[PDB]
Amino acid sequence: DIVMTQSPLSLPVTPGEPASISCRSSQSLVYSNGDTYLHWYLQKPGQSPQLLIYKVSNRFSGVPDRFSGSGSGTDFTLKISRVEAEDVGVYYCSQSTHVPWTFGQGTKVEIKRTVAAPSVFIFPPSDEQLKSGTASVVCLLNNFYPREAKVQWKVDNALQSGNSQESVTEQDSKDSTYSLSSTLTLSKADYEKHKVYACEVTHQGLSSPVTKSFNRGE
Amino acid sequence: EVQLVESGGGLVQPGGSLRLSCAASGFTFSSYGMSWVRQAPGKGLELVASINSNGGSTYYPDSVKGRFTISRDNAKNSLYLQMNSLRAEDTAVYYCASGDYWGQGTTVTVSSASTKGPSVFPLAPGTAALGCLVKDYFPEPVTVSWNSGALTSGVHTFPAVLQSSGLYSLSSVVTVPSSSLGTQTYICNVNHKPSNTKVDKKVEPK
Amino acid sequence: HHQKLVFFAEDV
């Protein structure tokens, strides 16, 4: 199969600045008719992929002038002369010269903004939930940038693993920040044979990792 | 107007069968190649099956080869995907595609879980944070709102998570002035259409 | 709205 690899795979762009995306094919995409079937897709958040540029440089319908494409053989580039808020999403390069039809990994273009430290909150399991036989401990990381963040659970100073799940929001349209939730799940019995529950957060906006905790029964 | 409308998605038991249909219009269908492409949440575009003009010749990656069949009806102008022996990794959004056009996609969920309404638990609270834990429901989706659609600013409803039990879970949070944690009520309106459940959980401190 | 491309090379 023809391998399509893009770079970068994550592209934060300051509004007003241009953007470039590299795309390389493992073999030449020049078909027997001299045409090169290298294409570009844009998939806006919560939507189907739409053809942006076909055959290296030709703009599809509706595509603004700021989008342009170039390249030959195995090397190709997609340029956005000035990134607008509407251009947010994932860009795929793709070839249709060979079978099978293949895609690149996809480059997610986001809005670049100043580093923002997360606000951290911890939530003990409700007395309702505890009654039903289960305990969920939730940790919220609110409005931070960039997306990169580490969350560690500590039950009585013991590092937890394998019993938590995370969930991240898509970049907010107003403040360009993310929010993240980490949910620690334990049996009611396990939850009661311990006392201290702590959420520890590491982020670029934090000089040192912050810790929000509670004691069971307060 | 080129059009690609898919059908046949939904819930399937493991090892069961599902058949996808794609209604095409607006162009001479019989003259072009067609494909089914799928996508997992937060994942890339994965080719599932291709088929040429007359079909003719087909392609399947080893991921689905031997279990999936792609076929074509150049009278109805319809594209089909016959899915047999479905497993958990077959769970995705499936797109009917012509390369230059993509349908809106149809969702396929391979699970043996049964329809269940969520239990809603409080996430008790110069700004404070409070929320609701909407746990153990099936299947997707769920709708969450705060104060009957009056509280919208600062609301974060996280994407759902598939637990080991086979049941989905999500949280919905919102940050508000801590000076209002006594002069303001905070109720999350949760709705789960599959089980037809409506829950208005009050989120009080303490 | 109505443009149709010969997209896949297999279609000459």
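Residues numbered from 1 in each chain as written, not as in the entry; some residues may be left out. Chains lettered and ligands numbered in written order. Heavy atoms only, no water.

Deposited coordinates in this entry are attributed by the record to X-ray crystallography, at a stated resolution of 2.320 Å.

Colleague: Please provide a residue-by-residue account of the interface of chain B and chain A, values included.
Modeller: Counting from both sides, the interface comprises 37 residues of chain B and, opposite them, 35 residues of chain A. The junction of chain B with chain A conceals about 2,900 Å² of combined surface from both sides, 64% of it contributed by carbon and sulfur atoms. With a shortest N-O distance of 3.6 Å, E128 of chain A and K201 of chain B are connected by a salt bridge. Across the contact surface, chain B and chain A share nine residue pairs in polar contact. Of all the secondary-structure elements, those providing two or more residues to the side of chain B that touches chain A are strand 4 (34–39), strand 9 (92–97), strand 11 (119–123), strand 12 (127–137), strand 15 (161–162) and strand 16 (168–177) of chain B. Of the residues forming the side of chain B that touches chain A, the biggest block, five residues, is contributed by strand 12 of chain B. (Contact = heavy atoms within 4.5 Å. Buried area = accessible area lost by both parts, 1.4 Å probe. Salt bridge = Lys/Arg side-chain N within 4 Å of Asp/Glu carboxyl O. Polar contact = N/O pair within 3.5 Å; in protein donor to acceptor, adjacent residues only side chain to side chain. Helix = DSSP H or I, 4+ residues; strand = E, 2+ residues; numbered from the N terminus.)

Colleague: Which residues make up the domain arrangement of chain B, and what values go with them?
Modeller: Where interface size is given, it is often the accessible area lost as the parts come together that is meant. Residues and elements named next belong to chain B. Split by domain assignment, chain B resolves into domain 1 (1–112) and domain 2 (113–206). Between domain 1 and domain 2, the C-alpha centre-to-centre distance is 35 Å. Taken together, the contact between domain 1 and domain 2 spans four residues of the former and four residues of the latter. Across the interface of domain 1 and domain 2, roughly 290 Å² is buried in total on both sides, 51% from carbon and sulfur atoms. (Domains from an automatic or database assignment.)

Colleague: Residue-level account of the interface of chain C and chain A, with values.
Modeller: With nine residues of chain C at the contact, the number on the chain A side is 13 residues. For the chain C and chain A pair, buried surface summed over both sides reaches about 890 Å², with 66% attributable to carbon and sulfur atoms. On the chain C side of the interface with chain A, the three residues burying the most area are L5, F7 and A9 of chain C, jointly 56% of the side's total. There are zero salt bridges connecting chain C and chain A. Taken together, the residues of the side of chain C that touches chain A break down into six nonpolar, two polar and one charged. (Nonpolar A, V, L, I, M, F, W, Y, C, P; charged D, E, K, R; others polar.)

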